[PDB]
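Worksheet for the structure shown next.
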Number of protein chains: 2
Amino acid sequence: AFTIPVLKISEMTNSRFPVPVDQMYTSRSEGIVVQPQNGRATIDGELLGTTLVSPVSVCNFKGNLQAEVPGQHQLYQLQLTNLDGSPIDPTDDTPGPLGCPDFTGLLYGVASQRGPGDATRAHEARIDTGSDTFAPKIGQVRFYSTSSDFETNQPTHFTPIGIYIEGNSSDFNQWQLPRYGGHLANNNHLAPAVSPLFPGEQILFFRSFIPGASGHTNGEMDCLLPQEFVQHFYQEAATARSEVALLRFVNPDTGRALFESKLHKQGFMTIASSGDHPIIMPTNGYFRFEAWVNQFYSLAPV
Amino acid sequence: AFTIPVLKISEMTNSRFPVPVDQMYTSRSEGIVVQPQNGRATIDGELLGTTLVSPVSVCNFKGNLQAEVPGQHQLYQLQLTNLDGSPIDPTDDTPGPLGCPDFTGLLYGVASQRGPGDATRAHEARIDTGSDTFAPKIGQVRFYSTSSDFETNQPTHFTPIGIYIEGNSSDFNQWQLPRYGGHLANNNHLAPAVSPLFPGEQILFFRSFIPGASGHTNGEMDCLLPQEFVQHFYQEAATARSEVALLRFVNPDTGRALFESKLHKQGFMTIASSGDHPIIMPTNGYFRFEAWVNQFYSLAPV
Ligand SMILES: CC(=O)N[C@@H]1[C@@H](O[C@@H]2O[C@@H](C)[C@@H](O)[C@@H](O)[C@@H]2O)[C@H](O[C@@H]2O[C@H](CO)[C@H](O)[C@H](O)[C@H]2O[C@@H]2O[C@@H](C)[C@@H](O)[C@@H](O)[C@@H]2O)[C@@H](CO)O[C@@H]1O
Ligand SMILES: CC(=O)N[C@@H]1[C@@H](O[C@@H]2O[C@@H](C)[C@@H](O)[C@@H](O)[C@@H]2O)[C@H](O[C@@H]2O[C@H](CO)[C@H](O)[C@H](O)[C@H]2O[C@@H]2O[C@@H](C)[C@@H](O)[C@@H](O)[C@@H]2O)[C@@H](CO)O[C@@H]1O
C-alpha cells in the first residue's frame, strides 16, 4: 500500500539545500531546463542523480586540505572524500559525489578543521560552483577564504550557509548544472530533465529562500520533492502500480480536499495551474495518496 | 505494527545538532546527569522537551535584529520568533522554543539577513548559551560578530556551525542545560534525565563530532535517538505494546546479527556494556525491531 508521510509544508525540508521548505510554488519555467540532481528519487525508492538520504548533507563538502593554490591568495585546494568518509570514486554511475551542489553560483559557507590532535579552526569560505576548476566528480574543489588560518593536510569540512551575490554572470543560477568534472570534461549519468507533459499542467515545486551573504537575491531554491518524501520512498520501496500516484492536498481543519496533484513515478509532481506564483494554503494542509491513475488524468485547477 | 527505518549509522542525523551521526558510543556517564532536551520523543510519537521534527532546524534561531547592545562592541540583540515565524510564547509547555540549544557553550555560526527588499548580508556570529543574558524562553538572545555589517530591524537568521572554545569557564558542556528563562529563572517542562536501571546496562548514544571554530575540542555531541527515529515515531504514533522494544543490530553483508539493544518506551536505548567507548560495527549494519519485551529482558554484552 503506497503512502505519503503526513507533513505540513512547514515541516518539510528542502532536498537541494539543508533548510526548511518555505512554500509551495509553481512556474511555467519558460526557457528553462529543470534538471536538478539533488532531491531526485523515483516513487518506488530509487535514488537518482547525486541524491542521498541524509537531510543535512546536501551542499556539504569534506576532504583533505591539500595546499594553498600557487599564485592565488588564500585559495585552498581540497582533495574530497565522500561525505560519509568513503573515498571519491570517479567510476561511480553518478554525475558527481552524492550531495554535490547541482547549481552554479558562489556558494557561501564555513570551512572548518579539526587537527592536529583536537585543535580546531573555522572561517568563512566561498566555493564557485561555476568555475573551470570545480571538479567534484574527481574530488577537486577549491574554496576561497578571507582567513589564512588553515592547516595543510588536516581534515576539512565545508558547511553550506547560502549564496553570495557579486552582481555578475557568476550569479546564482539554480537551474544551471555545474560541470561536475571541470571545464575539460562533460557531465554524465544525470537524472533526466522533467517537464509537465499534459496541457494546462505545471510542475509543483517545494521552494525555500536560502540565506544571502551579499548582494540582492531572494535565494529561491526549488526542489521537486521535499527530502522527507525522498527518504520515505527510499524506505518503503513500494512498487508503483501506475505511472501516476494521484494525491489530494487536504485540510484536516475542515476535512476536505484543497486540490489534487499528480505524483509521477519518476519523482515529480504536477498541478493544474498557469503562471509563476506561490501556492499558499491553510497551514495544516498535507498531501495524501488517493489512487493510481494514468498520465492523462485531468486535474481540476488548483 | 511497530517499525523503525532501515538506516546505516552514517545515514543517521544527530538530533541535537544538524550534522550526520559519526558513531555509536556508550558510557557509564559517571556523575553526569543525562538530560538532553532535543531528540526526545517517546516511541509512540510524543515529542518531549524542545524537540521538533525538522532535522535541519535544531540549534537555529530566527528573529528581529532589535539593536546593538549599548556599551558593547558588535554585540547584537535579537528578538526571537519561533523557527516557524510565530511569536515566542513563554506560556508554552516547553522549556524554551523548539530547537533551542540544550547545552551551554559558545555556539558558533553565521547570522544572515534579508532586507530591506532583497538585499542580503551574513557574517560569523557566536552565541553564548551559558551567559546570564541568554533567555530564549522569552525571546531574548544576543550574538557577537566580528562585523558591524548588520541592519537593525531586519529579519535575521542564525545558522549553527559548531562550537568556539575560548579555553575558560564558558567552555562547551554538552550535558549542562542552559537557563532557558535567563539567569533569574528555573527551567520547567524539562524532558526527564535518563539512566540505565538494569544491572550491566549502559545507555547507547549516537555521537557526532561537531565542528570546532577555535581552541581544542573533540566536539562530542551525544543524542539518545537519531532524528530519523524521532521523525518516524512522530509519523507512526504506533502504540507501545510493552515498556521495551527489542532491537537487533544486523549485518546485511553476512546475514548475521551483532548485538541487541533495548529501546525504552520513553525514548532512549540501552545495551549490555561496561565502560566508555565507541561501538564500531560493520558500516552496512542497522537496527531491526524484533519483539516487545520488558525492562528485565537480559542482553548479551556487546
Ligand atoms: C560582503 C560585502 O561586503 N559585500 C559587498 C556588498 O554589500 C553587501 O550587499 C549589500 C546589498 C548590502 O546588503 C550590504 O550590507 C552587504 O555587505 C556591496 O553591495 C552594495 O552594497 C552597498 C552597501 O552599502 C549598497 O547597499 C549597494 O546598493 C549594494 O550594491 C548592490 O549590490 C552589489 C552586489 C551589486 O549588485 C550592485 O550592482 C548593487 O547595486 C558590493 C558592492 O559595493 O560589494 C560587496 O559585494
Ligand atoms: C579563531 C581564532 O583565531 N582563535 C584564536 C585561537 O586559535 C585557534 O585555536 C588554535 C588551537 C588553533 O587551532 C588555531 O589555528 C585557531 O585559530 C588561539 O589559540 C591559540 O592558537 C595558537 C595558534 O595560532 C596555538 O595553537 C595555541 O596553542 C592556541 O592556544 C590554545 O587554545 C586556546 C583556545 C587556549 O585554550 C590556550 O590556553 C591554548 O594553549 C587563542 C589564543 O591565542 O586566541 C584565539 O581565540
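The way I read the labels, and the way they are meant: chains A, B, ... in the order of the C-alpha cells, residue 1 as the first residue of every chain, and ligand 1 as the first ligand shown, with later ones counted on from there.
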
Residues within 6 Å of ligand 2, counting only C-alpha atoms and all ligand atoms, as a PyMOL selection string: (chain A and resi 119-121+149) or (chain B and resi 165-167+214-216)

Please dump the current selection as a PDB file, in the first residue's frame; keep N, CA, C and O atoms.
ATOM      1  N   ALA A 119      42.843  20.278  17.995  1.00  0.00           N
ATOM      2  CA  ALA A 119      42.866  21.714  17.723  1.00  0.00           C
ATOM      3  C   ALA A 119      41.914  22.022  16.569  1.00  0.00           C
ATOM      4  O   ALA A 119      41.855  21.278  15.588  1.00  0.00           O
ATOM      5  N   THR A 120      41.165  23.111  16.681  1.00  0.00           N
ATOM      6  CA  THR A 120      40.170  23.413  15.655  1.00  0.00           C
ATOM      7  C   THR A 120      40.223  24.857  15.180  1.00  0.00           C
ATOM      8  O   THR A 120      40.748  25.737  15.869  1.00  0.00           O
ATOM      9  N   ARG A 121      39.652  25.093  13.999  1.00  0.00           N
ATOM     10  CA  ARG A 121      39.524  26.429  13.457  1.00  0.00           C
ATOM     11  C   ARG A 121      38.481  26.419  12.352  1.00  0.00           C
ATOM     12  O   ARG A 121      38.331  25.420  11.650  1.00  0.00           O
ATOM     13  N   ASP A 149      44.131  31.326   8.327  1.00  0.00           N
ATOM     14  CA  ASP A 149      44.189  30.396   9.460  1.00  0.00           C
ATOM     15  C   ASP A 149      43.649  29.006   9.085  1.00  0.00           C
ATOM     16  O   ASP A 149      42.626  28.561   9.616  1.00  0.00           O
TER      17      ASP A 149
ATOM     18  N   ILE B 165      35.862  27.416  21.232  1.00  0.00           N
ATOM     19  CA  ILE B 165      36.447  27.207  22.558  1.00  0.00           C
ATOM     20  C   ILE B 165      37.423  28.323  22.936  1.00  0.00           C
ATOM     21  O   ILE B 165      38.478  28.460  22.320  1.00  0.00           O
ATOM     22  N   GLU B 166      37.068  29.111  23.952  1.00  0.00           N
ATOM     23  CA  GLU B 166      37.936  30.190  24.438  1.00  0.00           C
ATOM     24  C   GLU B 166      38.959  29.700  25.464  1.00  0.00           C
ATOM     25  O   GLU B 166      39.959  30.372  25.726  1.00  0.00           O
ATOM     26  N   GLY B 167      38.698  28.530  26.039  1.00  0.00           N
ATOM     27  CA  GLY B 167      39.613  27.913  26.986  1.00  0.00           C
ATOM     28  C   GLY B 167      39.339  28.339  28.414  1.00  0.00           C
ATOM     29  O   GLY B 167      40.239  28.327  29.261  1.00  0.00           O
ATOM     30  N   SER B 214      37.486  27.233  17.009  1.00  0.00           N
ATOM     31  CA  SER B 214      38.647  27.777  17.698  1.00  0.00           C
ATOM     32  C   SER B 214      38.907  26.968  18.961  1.00  0.00           C
ATOM     33  O   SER B 214      37.979  26.413  19.550  1.00  0.00           O
ATOM     34  N   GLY B 215      40.166  26.895  19.371  1.00  0.00           N
ATOM     35  CA  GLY B 215      40.529  26.107  20.522  1.00  0.00           C
ATOM     36  C   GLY B 215      40.538  24.605  20.375  1.00  0.00           C
ATOM     37  O   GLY B 215      40.453  24.063  19.313  1.00  0.00           O
ATOM     38  N   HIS B 216      40.663  23.925  21.482  1.00  0.00           N
ATOM     39  CA  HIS B 216      40.745  22.494  21.449  1.00  0.00           C
ATOM     40  C   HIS B 216      39.454  21.852  21.886  1.00  0.00           C
ATOM     41  O   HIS B 216      38.994  22.058  22.976  1.00  0.00           O
TER      42      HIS B 216
END

Members of region 7-225 of chain B assigned strand (DSSP E or B) by DSSP, as a VMD selection string: chain B and resid 13 20 23 to 26 41 47 61 to 68 75 to 81 87 104 106 to 114 119 to 128 135 140 to 144 155 to 164 173 201 to 209 212 to 214 216 220 to 223

Write a file of the just-selected residues containing C-alpha atoms, as a PDB file, in the first residue's frame.
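Result written to result.pdb:
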ATOM      1  CA  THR B  13      21.266  12.589  11.645  1.00  0.00           C
ATOM      2  CA  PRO B  20      25.261  13.268  10.495  1.00  0.00           C
ATOM      3  CA  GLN B  23      29.489   6.606  15.536  1.00  0.00           C
ATOM      4  CA  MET B  24      27.564   4.733  18.191  1.00  0.00           C
ATOM      5  CA  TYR B  25      29.033   5.326  21.631  1.00  0.00           C
ATOM      6  CA  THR B  26      28.363   4.066  25.155  1.00  0.00           C
ATOM      7  CA  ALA B  41      10.421  11.508  21.819  1.00  0.00           C
ATOM      8  CA  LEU B  47       7.685  14.838  21.280  1.00  0.00           C
ATOM      9  CA  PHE B  61      17.430  30.868  15.731  1.00  0.00           C
ATOM     10  CA  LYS B  62      15.237  33.355  13.881  1.00  0.00           C
ATOM     11  CA  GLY B  63      14.336  36.892  14.935  1.00  0.00           C
ATOM     12  CA  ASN B  64      14.373  40.673  14.611  1.00  0.00           C
ATOM     13  CA  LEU B  65      17.688  42.499  14.907  1.00  0.00           C
ATOM     14  CA  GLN B  66      16.446  44.767  17.694  1.00  0.00           C
ATOM     15  CA  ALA B  67      19.591  46.832  18.224  1.00  0.00           C
ATOM     16  CA  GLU B  68      23.289  46.740  19.039  1.00  0.00           C
ATOM     17  CA  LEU B  75      27.063  42.509  20.333  1.00  0.00           C
ATOM     18  CA  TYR B  76      23.579  42.387  18.815  1.00  0.00           C
ATOM     19  CA  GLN B  77      20.194  41.919  20.439  1.00  0.00           C
ATOM     20  CA  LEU B  78      17.737  39.551  18.780  1.00  0.00           C
ATOM     21  CA  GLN B  79      14.057  39.483  19.495  1.00  0.00           C
ATOM     22  CA  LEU B  80      13.315  35.851  18.643  1.00  0.00           C
ATOM     23  CA  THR B  81      10.327  34.448  16.895  1.00  0.00           C
ATOM     24  CA  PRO B  87       5.800  34.908  18.187  1.00  0.00           C
ATOM     25  CA  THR B 104      25.977  25.574  27.447  1.00  0.00           C
ATOM     26  CA  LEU B 106      29.948  29.332  22.704  1.00  0.00           C
ATOM     27  CA  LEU B 107      27.688  28.319  19.835  1.00  0.00           C
ATOM     28  CA  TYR B 108      29.460  29.389  16.607  1.00  0.00           C
ATOM     29  CA  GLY B 109      27.632  30.036  13.334  1.00  0.00           C
ATOM     30  CA  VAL B 110      26.516  32.635  10.810  1.00  0.00           C
ATOM     31  CA  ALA B 111      23.917  35.352  11.283  1.00  0.00           C
ATOM     32  CA  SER B 112      22.277  36.304   7.983  1.00  0.00           C
ATOM     33  CA  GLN B 113      19.695  38.903   6.951  1.00  0.00           C
ATOM     34  CA  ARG B 114      17.446  39.614   4.015  1.00  0.00           C
ATOM     35  CA  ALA B 119      19.427  43.000  -0.060  1.00  0.00           C
ATOM     36  CA  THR B 120      21.351  40.415   1.949  1.00  0.00           C
ATOM     37  CA  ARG B 121      24.308  40.070   4.281  1.00  0.00           C
ATOM     38  CA  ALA B 122      25.795  37.381   6.510  1.00  0.00           C
ATOM     39  CA  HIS B 123      28.758  37.218   8.888  1.00  0.00           C
ATOM     40  CA  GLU B 124      30.219  34.904  11.532  1.00  0.00           C
ATOM     41  CA  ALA B 125      28.404  35.022  14.866  1.00  0.00           C
ATOM     42  CA  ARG B 126      28.756  33.472  18.311  1.00  0.00           C
ATOM     43  CA  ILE B 127      26.030  32.989  20.888  1.00  0.00           C
ATOM     44  CA  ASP B 128      26.978  32.178  24.486  1.00  0.00           C
ATOM     45  CA  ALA B 135      16.870  33.854  27.674  1.00  0.00           C
ATOM     46  CA  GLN B 140      15.952  37.321  24.274  1.00  0.00           C
ATOM     47  CA  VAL B 141      19.199  36.188  22.708  1.00  0.00           C
ATOM     48  CA  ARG B 142      22.363  38.093  21.826  1.00  0.00           C
ATOM     49  CA  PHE B 143      25.080  37.305  19.296  1.00  0.00           C
ATOM     50  CA  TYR B 144      28.578  38.645  18.923  1.00  0.00           C
ATOM     51  CA  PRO B 155      14.741  39.639   9.707  1.00  0.00           C
ATOM     52  CA  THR B 156      17.782  37.794  10.999  1.00  0.00           C
ATOM     53  CA  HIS B 157      18.651  34.078  10.977  1.00  0.00           C
ATOM     54  CA  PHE B 158      21.332  32.287  12.962  1.00  0.00           C
ATOM     55  CA  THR B 159      22.607  29.133  11.261  1.00  0.00           C
ATOM     56  CA  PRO B 160      24.621  26.954  13.631  1.00  0.00           C
ATOM     57  CA  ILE B 161      28.011  25.623  12.515  1.00  0.00           C
ATOM     58  CA  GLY B 162      29.875  24.372  15.598  1.00  0.00           C
ATOM     59  CA  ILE B 163      31.463  25.397  18.901  1.00  0.00           C
ATOM     60  CA  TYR B 164      34.061  28.068  19.710  1.00  0.00           C
ATOM     61  CA  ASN B 173      29.490  21.303  28.279  1.00  0.00           C
ATOM     62  CA  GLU B 201      23.420  -2.000  31.045  1.00  0.00           C
ATOM     63  CA  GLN B 202      24.512   1.416  29.793  1.00  0.00           C
ATOM     64  CA  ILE B 203      22.784   3.931  27.511  1.00  0.00           C
ATOM     65  CA  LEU B 204      23.647   3.681  23.818  1.00  0.00           C
ATOM     66  CA  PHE B 205      24.416   7.148  22.383  1.00  0.00           C
ATOM     67  CA  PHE B 206      24.527   8.347  18.809  1.00  0.00           C
ATOM     68  CA  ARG B 207      27.619  10.523  18.681  1.00  0.00           C
ATOM     69  CA  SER B 208      28.714  13.249  16.291  1.00  0.00           C
ATOM     70  CA  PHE B 209      31.930  15.274  16.308  1.00  0.00           C
ATOM     71  CA  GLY B 212      35.184  23.427  16.253  1.00  0.00           C
ATOM     72  CA  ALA B 213      35.840  27.032  15.249  1.00  0.00           C
ATOM     73  CA  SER B 214      38.647  27.777  17.698  1.00  0.00           C
ATOM     74  CA  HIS B 216      40.745  22.494  21.449  1.00  0.00           C
ATOM     75  CA  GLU B 220      31.493  15.343  21.059  1.00  0.00           C
ATOM     76  CA  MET B 221      27.694  15.607  20.872  1.00  0.00           C
ATOM     77  CA  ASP B 222      25.666  12.595  22.055  1.00  0.00           C
ATOM     78  CA  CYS B 223      21.985  12.154  21.274  1.00  0.00           C
TER      79      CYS B 223
END

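For the choices A:27, A:133, A:188, A:168, the atom-to-atom distance to residue 271 (chain A) is smallest for A:27 when using only C-alpha atoms.
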
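All residues of protein, DNA or RNA that reach within 6 Å of region 28-34 of chain B, judged by only C-alpha atoms and not counting those fewer than 2 positions away in the chain, are residues 193, 194 and 275 of chain B.
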
For the residues in that selection, give me N, CA and C atoms as an mmCIF file, in the first residue's frame.
data_model
loop_
_atom_site.group_PDB
_atom_site.id
_atom_site.type_symbol
_atom_site.label_atom_id
_atom_site.label_comp_id
_atom_site.auth_asym_id
_atom_site.auth_seq_id
_atom_site.Cartn_x
_atom_site.Cartn_y
_atom_site.Cartn_z
ATOM 1 N N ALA B 193 15.767 13.414 33.030
ATOM 2 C CA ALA B 193 17.062 12.748 32.908
ATOM 3 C C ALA B 193 16.814 11.276 32.628
ATOM 4 N N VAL B 194 17.774 10.613 31.983
ATOM 5 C CA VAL B 194 17.649 9.187 31.702
ATOM 6 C C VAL B 194 18.856 8.431 32.235
ATOM 7 N N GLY B 275 31.828 0.448 30.497
ATOM 8 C CA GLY B 275 32.936 1.324 30.157
ATOM 9 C C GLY B 275 32.583 2.395 29.142
#

Of the candidates B:37, B:152, B:129, B:51, which shows the shortest atom-to-atom distance to ligand 1, using only C-alpha atoms and all ligand atoms?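 Going through B:37, B:152, B:129, B:51 one by one, the smallest distance to ligand 1 is for B:152.
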
So how many Å separate CA of residue 50 (chain A) and CA of residue 95 (chain A), to one decimal?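 Answer for the CA of residue 50 (chain A) to CA of residue 95 (chain A) separation: 6.6 Å.
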
Go through A:5, A:267, A:278, A:301 one by one, measure the shortest atom-to-atom distance of each to chain B using only C-alpha atoms, and give the residue with the smallest value.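 Of all the options, A:5 lies closest to chain B.
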
Env of residue 191 (chain A): 8 Å cut, atoms = only C-alpha atoms, seq-sep filter 4 positions within chain, self excluded. Answer as a list in words. residues 35, 36, 37, 40, 48 and 49 of chain A

Put those residues in a file: N, CA and C atoms, as a compact mmCIF listing (two decimals), in the first residue's frame.
# COMPACT_ATOMS: atom_id res chain seq x y z
N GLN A 35 16.42 20.33 -14.38
CA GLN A 35 17.16 19.08 -14.27
C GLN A 35 18.01 19.08 -13.00
N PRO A 36 17.36 19.26 -11.83
CA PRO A 36 18.12 19.23 -10.57
C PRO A 36 18.64 17.82 -10.35
N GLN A 37 19.75 17.68 -9.63
CA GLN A 37 20.35 16.38 -9.41
C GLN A 37 20.18 15.91 -7.97
N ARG A 40 16.15 13.86 -6.10
CA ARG A 40 15.67 13.01 -7.19
C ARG A 40 15.53 11.58 -6.68
N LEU A 48 18.24 8.98 -7.60
CA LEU A 48 18.86 9.39 -8.86
C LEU A 48 19.84 10.54 -8.67
N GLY A 49 20.60 10.85 -9.71
CA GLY A 49 21.50 11.98 -9.69
C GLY A 49 22.54 11.86 -8.60

For ligand 1, the nearest of the candidates A:251, A:170, A:59, A:177, counting only C-alpha atoms and all ligand atoms: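 Checking each candidate against ligand 1, we get A:170 as the closest.
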
Atom-to-atom span, CA of residue 94 (chain A) and CA of residue 185 (chain A), Å: 14.1 Å

With only C-alpha atoms and all ligand atoms as the basis for distance, which of A:195, A:218, A:176, A:154 is at the shortest distance from ligand 1?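 Ranking A:195, A:218, A:176, A:154 by distance to ligand 1, first place goes to A:218.
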
Could you tell me how far CA of residue 264 (chain A) sits from CA of residue 293 (chain A), in Å to one decimal place?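 Taking CA of residue 293 (chain A) as the start and CA of residue 264 (chain A) as the end point, the length is 9.8 Å.
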
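Comparing the minimum interatomic distances between ligand 1 and each of A:86, A:169, A:186, A:60, counting only C-alpha atoms and all ligand atoms, we find that A:169 sits nearest.
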